[PDB]
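Presented below, as structure tokens, is a lone chain in the form deposited in one PDB entry.
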């Protein structure tokens, strides 16, 4: 039997869809597509009508490719500036009795934790067992099948204000014709591009998103910090449009097709583009475009450099993994290496520890689909 794993990644610019099939442990990419996101500046959906259709267009495209009808459970991730880390510990005392830890005991405890994390108007999207202690002072890597008299588990969780949660939940409930689970797009991205030795030794994931740049760091298998910089790709595009009387659409087209993270060695070859709201065709050079881009990019990083240090107080054995649309700008890793002074690589599903899904060559190598993959594996 082929069990289906549907996944949606709601971004401020694009909504990515993906459907994976597991059969014998035969991960395959049965369907996938991307669509222009609508109805939300970001964080908030300011036009649920426009937004709901964007999600339906995606759903149509997906169902069509599958020559089927999606009725399986969905895993939907979305981006927010309000995601944050929260911990909680849960303990059990079986008295003098020396009970053996089973999966049941572990899920009860994780459930106890989920409840506790639901407070202060926040609600957990991801939970990670951080450490295990059997009857005070015996750190184990896996408590399962071990007999203890007492057990304490510290959990790390990524939470969101239920205010934001409701917003997405309500609208998606009237669009997705099946139950689902919301997830952080930043955490899922990390889960879909990182490697175990990386999540373990220490690594920083820098998502070069649209409205902002997301920051998340892992150490010892779980995230230890998460934040962002209020500077994203949207700003690089505003910059290009400002310097060149061009429109925002034309600005993005240029960035996507001619942009480069290193301008110093480019040729001054001519590049044409339509002026602001007119046929008036104007012209720039390859180098001038990249000069405008370069500035914005140096800011984004130089600005997220304090995060690098802030976590350094708890790791670059893994360096930085760049993901998101920005990660696709040519030679951006080269710019990042100079700014962060550490090893920099591009994140995508292919360069991860994760299973080598079959028929899935383009999206698995696309940084923009990282989260889509993460959503599925950030579960089972």
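Only residues modelled in both forms are compared. Rigid core here is just the name for the largest C-alpha set that superposes within 1.5 Å across the two forms. Numbering follows the first chain given and starts at 1.
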Residue gap status of residue 41, at least a third of other entries: no
Between us, would residue 319 come up missing in a third or more of the other compared entries?
no
Counting residues of the deposited sequence that sit between residue 314 and residue 315 but have no coordinates, the total is 4 to 9
For 320 to 328 versus 62 to 70, entry-based mean Cα B-factors point to 62 to 70
Once average C-alpha B-factors are taken from the entry for 143 to 151 and 252 to 260, the winner is 143 to 151
Comparing C-alpha B-factors across 299, 198, 136, 86 in this entry, the winner is 136
When the entry's CA B-factors for 94, 128, 210, 165 are compared, the highest one belongs to 94
Sorting the chain's modelled residues by C-alpha B-factor and splitting them into thirds places residue 170 in the middle
Chain-relative C-alpha B factor for residue 158 (record values, thirds): the lowest
Assert third(CA B-factor, residue 228) within chain per record equals lowest
Of the three thirds of Cα B-factor ranks in this chain, residue 286 occupies the middle
Assert third(CA B-factor, residue 180) within chain per record equals middle
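Here the subject shifts to the form deposited with a partner chain bound, a form of this protein not shown in this document.
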Here the chain appears without its partner; judged in the bound PDB entry, the stretch of 200 to 208, 298 to 306, 122 to 130, 98 to 106 with heavy atoms within 4.5 Å of the partner chain is 298 to 306
Assert contact residue (the partner chain, in the bound PDB entry, non-hydrogen atom within 4.5 Å, options 180, 94, 263, 171) equals 263
As a check of understanding, the residue in 274, 150, 258, 235 with any heavy atom within 4.5 Å of the partner chain in the bound PDB entry should be identified as 235
- Message: For the three residues 117, 118 and 164, which mark the spot I'm curious about, does each lie within 4.5 Å of the partner chain in the bound PDB entry through at least one heavy atom?
- Response: no
- Heavy atom to heavy atom, is residue 243 within 4.5 Å of the partner chain in the bound PDB entry? yes
Self-check item: Non-hydrogen atom contact residue 294 with the partner chain in the bound PDB entry at 4.5 angstroms
Solution: yes
>> Does any part of residue 253 reach within 4.5 Å of the partner chain in the bound PDB entry? Heavy atoms only, please.
In response: no
Check residue 239 for me: does it contact the partner chain in the bound PDB entry (non-hydrogen atoms, 4.5 angstroms)?
yes
Out of 345, 52, 354, 328, the position with Cα displaced 2 angstroms or more between this form and the one not shown on rigid-core fit is 354
Note: conformational shift between this form and the one not shown, core-aligned, Cα at least 2 Å, runs of three or more in sequence order, located at 354 to 356
